>>> print(open('protein.pdb').read())   # PDB, C-alpha atoms
ATOM      1  CA  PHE D 764      11.288  11.788   7.167  1.00  0.00           C
ATOM      2  CA  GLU D 765      12.247  11.350  10.807  1.00  0.00           C
ATOM      3  CA  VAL D 766       9.376  12.289  13.158  1.00  0.00           C
ATOM      4  CA  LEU D 767       5.966  13.804  12.444  1.00  0.00           C
ATOM      5  CA  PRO D 768       5.261  17.042  14.346  1.00  0.00           C
ATOM      6  CA  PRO D 769       2.295  17.306  16.739  1.00  0.00           C
ATOM      7  CA  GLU D 770       0.627  20.052  14.666  1.00  0.00           C
ATOM      8  CA  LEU D 771      -1.170  17.671  12.281  1.00  0.00           C
ATOM      9  CA  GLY D 772      -4.195  18.209  14.514  1.00  0.00           C
ATOM     10  CA  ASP D 773      -4.156  21.860  13.463  1.00  0.00           C
ATOM     11  CA  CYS D 774      -4.417  20.659   9.856  1.00  0.00           C
ATOM     12  CA  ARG D 775      -8.140  20.464   9.152  1.00  0.00           C
ATOM     13  CA  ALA D 776      -8.080  18.343   5.986  1.00  0.00           C
ATOM     14  CA  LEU D 777      -5.004  16.102   6.285  1.00  0.00           C
ATOM     15  CA  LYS D 778      -5.473  12.388   6.991  1.00  0.00           C
ATOM     16  CA  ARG D 779      -3.299   9.307   7.243  1.00  0.00           C
ATOM     17  CA  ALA D 780      -4.731   8.500   3.815  1.00  0.00           C
ATOM     18  CA  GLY D 781      -3.998  12.052   2.674  1.00  0.00           C
ATOM     19  CA  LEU D 782      -0.539  12.130   4.266  1.00  0.00           C
ATOM     20  CA  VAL D 783       0.497   8.823   2.706  1.00  0.00           C
ATOM     21  CA  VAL D 784       3.853   7.879   4.270  1.00  0.00           C
ATOM     22  CA  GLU D 785       5.797   4.820   5.334  1.00  0.00           C
ATOM     23  CA  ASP D 786       4.338   3.231   8.461  1.00  0.00           C
ATOM     24  CA  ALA D 787       7.337   4.031  10.679  1.00  0.00           C
ATOM     25  CA  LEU D 788       6.415   7.654  10.028  1.00  0.00           C
ATOM     26  CA  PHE D 789       2.754   6.948  10.818  1.00  0.00           C
ATOM     27  CA  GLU D 790       3.649   5.560  14.248  1.00  0.00           C
ATOM     28  CA  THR D 791       4.847   9.025  15.365  1.00  0.00           C
ATOM     29  CA  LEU D 792       2.031  10.969  17.035  1.00  0.00           C
ATOM     30  CA  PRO D 793       1.721  11.796  20.756  1.00  0.00           C
ATOM     31  CA  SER D 794      -0.817   9.753  22.715  1.00  0.00           C
ATOM     32  CA  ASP D 795      -3.275  12.613  23.280  1.00  0.00           C
ATOM     33  CA  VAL D 796      -2.806  13.450  19.599  1.00  0.00           C
ATOM     34  CA  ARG D 797      -3.711   9.826  18.829  1.00  0.00           C
ATOM     35  CA  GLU D 798      -6.851  10.300  20.927  1.00  0.00           C
ATOM     36  CA  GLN D 799      -7.704  13.460  18.977  1.00  0.00           C
ATOM     37  CA  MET D 800      -6.731  11.945  15.619  1.00  0.00           C
ATOM     38  CA  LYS D 801      -8.534   8.595  15.788  1.00  0.00           C
ATOM     39  CA  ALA D 802     -11.592  10.797  16.358  1.00  0.00           C
ATOM     40  CA  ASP D 803     -10.255  13.207  13.678  1.00  0.00           C
TER      41      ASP D 803
ATOM     42  CA  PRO W 770     -13.404  14.309  -1.489  1.00  0.00           C
ATOM     43  CA  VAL W 771     -12.083  12.017   1.240  1.00  0.00           C
ATOM     44  CA  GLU W 772     -15.176  12.861   3.319  1.00  0.00           C
ATOM     45  CA  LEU W 773     -17.108  10.338   1.206  1.00  0.00           C
ATOM     46  CA  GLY W 774     -15.277   7.724   3.265  1.00  0.00           C
ATOM     47  CA  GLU W 775     -16.839   9.252   6.377  1.00  0.00           C
ATOM     48  CA  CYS W 776     -20.259   8.037   5.222  1.00  0.00           C
ATOM     49  CA  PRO W 777     -20.842   4.608   6.832  1.00  0.00           C
ATOM     50  CA  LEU W 778     -23.745   3.353   4.723  1.00  0.00           C
ATOM     51  CA  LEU W 779     -22.044   4.221   1.425  1.00  0.00           C
ATOM     52  CA  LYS W 780     -20.223   1.396  -0.362  1.00  0.00           C
ATOM     53  CA  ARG W 781     -18.749   0.650  -3.801  1.00  0.00           C
ATOM     54  CA  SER W 782     -22.110  -0.384  -5.254  1.00  0.00           C
ATOM     55  CA  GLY W 783     -23.629   2.729  -3.709  1.00  0.00           C
ATOM     56  CA  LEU W 784     -20.841   5.025  -4.937  1.00  0.00           C
ATOM     57  CA  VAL W 785     -21.119   4.672  -8.716  1.00  0.00           C
ATOM     58  CA  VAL W 786     -18.313   6.730 -10.286  1.00  0.00           C
ATOM     59  CA  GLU W 787     -15.609   6.391 -12.932  1.00  0.00           C
ATOM     60  CA  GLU W 788     -12.640   4.179 -12.080  1.00  0.00           C
ATOM     61  CA  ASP W 789     -10.010   6.931 -12.303  1.00  0.00           C
ATOM     62  CA  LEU W 790     -12.006   9.349 -10.136  1.00  0.00           C
ATOM     63  CA  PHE W 791     -12.473   6.573  -7.577  1.00  0.00           C
ATOM     64  CA  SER W 792      -8.717   5.931  -7.750  1.00  0.00           C
ATOM     65  CA  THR W 793      -8.077   9.599  -6.896  1.00  0.00           C
ATOM     66  CA  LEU W 794      -9.021   8.666  -3.322  1.00  0.00           C
ATOM     67  CA  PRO W 795      -6.220   7.578  -0.935  1.00  0.00           C
ATOM     68  CA  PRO W 796      -5.445   3.833  -0.990  1.00  0.00           C
ATOM     69  CA  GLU W 797      -6.424   3.015   2.599  1.00  0.00           C
ATOM     70  CA  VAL W 798      -9.877   4.635   2.548  1.00  0.00           C
ATOM     71  CA  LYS W 799     -10.519   2.777  -0.713  1.00  0.00           C
ATOM     72  CA  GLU W 800      -9.450  -0.406   1.090  1.00  0.00           C
ATOM     73  CA  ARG W 801     -11.888   0.449   3.896  1.00  0.00           C
ATOM     74  CA  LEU W 802     -14.692   0.918   1.362  1.00  0.00           C
ATOM     75  CA  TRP W 803     -13.766  -2.361  -0.361  1.00  0.00           C
ATOM     76  CA  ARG W 804     -13.776  -4.248   2.949  1.00  0.00           C
ATOM     77  CA  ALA W 805     -17.120  -2.736   3.951  1.00  0.00           C
ATOM     78  CA  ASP W 806     -18.455  -3.727   0.525  1.00  0.00           C
ATOM     79  CA  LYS W 807     -17.448  -7.368   0.092  1.00  0.00           C
ATOM     80  CA  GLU W 808     -17.333  -8.830   3.644  1.00  0.00           C
TER      81      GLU W 808
END
>>> encode(input="protein.pdb", output="structure tokens")
Amino acid sequence: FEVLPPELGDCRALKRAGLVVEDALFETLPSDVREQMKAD
Amino acid sequence: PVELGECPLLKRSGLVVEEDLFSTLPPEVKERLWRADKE
């Protein structure tokens, strides 16, 4: 993969654990999306 | 379900289940549960 899209927040049941990927793919979320994702 | 990892008080000794079914969980949430268990 190259870059994760910002619409993972729209996914209700997908996690970093669920979306298991290499870490350089994990590092790709926008900052507000990080704020919304660390709080799920 | 992965939502079992959302429970803070639950740990490995609390969550008594078969090894394969426990392994169905994602690796990192299992690591979180392990770390909350042993300390």
>>> interface_residues(input="protein.pdb", of="chain D", to="chain W", cutoff="9 Å", atoms="all atoms listed in the file", output="JSON list (two decimals) with C-alpha atoms, in the frame of the given file")
[["chain", "number", "residue", "atom", "x", "y", "z"],
["D", 776, "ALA", "CA", -8.08, 18.34, 5.99],
["D", 778, "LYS", "CA", -5.47, 12.39, 6.99],
["D", 779, "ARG", "CA", -3.30, 9.31, 7.24],
["D", 780, "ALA", "CA", -4.73, 8.50, 3.82],
["D", 781, "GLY", "CA", -4.00, 12.05, 2.67],
["D", 782, "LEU", "CA", -0.54, 12.13, 4.27],
["D", 783, "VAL", "CA", 0.50, 8.82, 2.71]]
>>> atom_distance(input="protein.pdb", atom1="CA of residue 791 in chain W", atom2="CA of residue 770 in chain W")
9.9 Å
>>> residues_around(input="protein.pdb", residues="range 790-794 of chain D", least_positions_apart="5", cutoff="10 Å", atoms="all atoms listed in the file", output="VMD selection string")
chain D and resid 765 to 772 785 799 to 800
>>> residues_around(input="protein.pdb", residues="residue 780 in chain W", least_positions_apart="2", cutoff="7 Å", atoms="all atoms listed in the file", output="list in words")
residues 778, 782, 783, 784, 802, 805 and 806 of chain W
>>> axis_aligned_box(input="protein.pdb", around="range 785-794 of chain D", padding_each_side="4 Å", output="JSON")
{"center_x": 3.3, "center_y": 7.5, "center_z": 14.0, "size_x": 16.2, "size_y": 16.6, "size_z": 25.4}
>>> atom_distance(input="protein.pdb", atom1="CA of residue 764 in chain D", atom2="CA of residue 788 in chain D")
7.0 Å
>>> atom_distance(input="protein.pdb", atom1="CA of residue 786 in chain W", atom2="CA of residue 775 in chain D")
25.9 Å
>>> decode(input="protein.pdb", residues="range 767-779 of chain D", atoms="N, CA and C atoms", output="PDB file, in the first residue's frame")
ATOM      1  N   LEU D 767      -2.947   5.442   3.482  1.00  0.00           N
ATOM      2  CA  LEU D 767      -4.302   5.131   3.925  1.00  0.00           C
ATOM      3  C   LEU D 767      -5.225   6.317   3.656  1.00  0.00           C
ATOM      4  N   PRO D 768      -6.469   6.081   3.234  1.00  0.00           N
ATOM      5  CA  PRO D 768      -7.389   7.195   3.021  1.00  0.00           C
ATOM      6  C   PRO D 768      -7.880   7.747   4.350  1.00  0.00           C
ATOM      7  N   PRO D 769      -8.512   8.923   4.348  1.00  0.00           N
ATOM      8  CA  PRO D 769      -9.063   9.455   5.605  1.00  0.00           C
ATOM      9  C   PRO D 769     -10.397   8.843   6.012  1.00  0.00           C
ATOM     10  N   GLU D 770     -10.998   7.981   5.189  1.00  0.00           N
ATOM     11  CA  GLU D 770     -12.335   7.480   5.489  1.00  0.00           C
ATOM     12  C   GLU D 770     -12.339   6.243   6.379  1.00  0.00           C
ATOM     13  N   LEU D 771     -11.243   5.948   7.083  1.00  0.00           N
ATOM     14  CA  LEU D 771     -11.280   4.868   8.067  1.00  0.00           C
ATOM     15  C   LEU D 771     -12.138   5.245   9.267  1.00  0.00           C
ATOM     16  N   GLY D 772     -12.303   6.547   9.517  1.00  0.00           N
ATOM     17  CA  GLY D 772     -13.224   6.982  10.551  1.00  0.00           C
ATOM     18  C   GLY D 772     -14.663   6.622  10.247  1.00  0.00           C
ATOM     19  N   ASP D 773     -15.025   6.581   8.962  1.00  0.00           N
ATOM     20  CA  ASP D 773     -16.370   6.163   8.583  1.00  0.00           C
ATOM     21  C   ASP D 773     -16.574   4.674   8.839  1.00  0.00           C
ATOM     22  N   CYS D 774     -15.496   3.891   8.792  1.00  0.00           N
ATOM     23  CA  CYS D 774     -15.577   2.480   9.154  1.00  0.00           C
ATOM     24  C   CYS D 774     -15.843   2.349  10.647  1.00  0.00           C
ATOM     25  N   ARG D 775     -16.921   1.648  10.997  1.00  0.00           N
ATOM     26  CA  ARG D 775     -17.335   1.588  12.396  1.00  0.00           C
ATOM     27  C   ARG D 775     -16.587   0.510  13.172  1.00  0.00           C
ATOM     28  N   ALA D 776     -16.157  -0.556  12.502  1.00  0.00           N
ATOM     29  CA  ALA D 776     -15.575  -1.697  13.193  1.00  0.00           C
ATOM     30  C   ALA D 776     -14.191  -2.073  12.679  1.00  0.00           C
ATOM     31  N   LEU D 777     -13.423  -1.115  12.170  1.00  0.00           N
ATOM     32  CA  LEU D 777     -12.067  -1.391  11.716  1.00  0.00           C
ATOM     33  C   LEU D 777     -11.062  -0.678  12.611  1.00  0.00           C
ATOM     34  N   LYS D 778     -10.110  -1.439  13.140  1.00  0.00           N
ATOM     35  CA  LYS D 778      -9.099  -0.941  14.059  1.00  0.00           C
ATOM     36  C   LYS D 778      -7.716  -1.057  13.431  1.00  0.00           C
ATOM     37  N   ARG D 779      -6.723  -0.510  14.135  1.00  0.00           N
ATOM     38  CA  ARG D 779      -5.333  -0.777  13.780  1.00  0.00           C
ATOM     39  C   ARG D 779      -5.024  -2.260  13.949  1.00  0.00           C
TER      40      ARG D 779
END
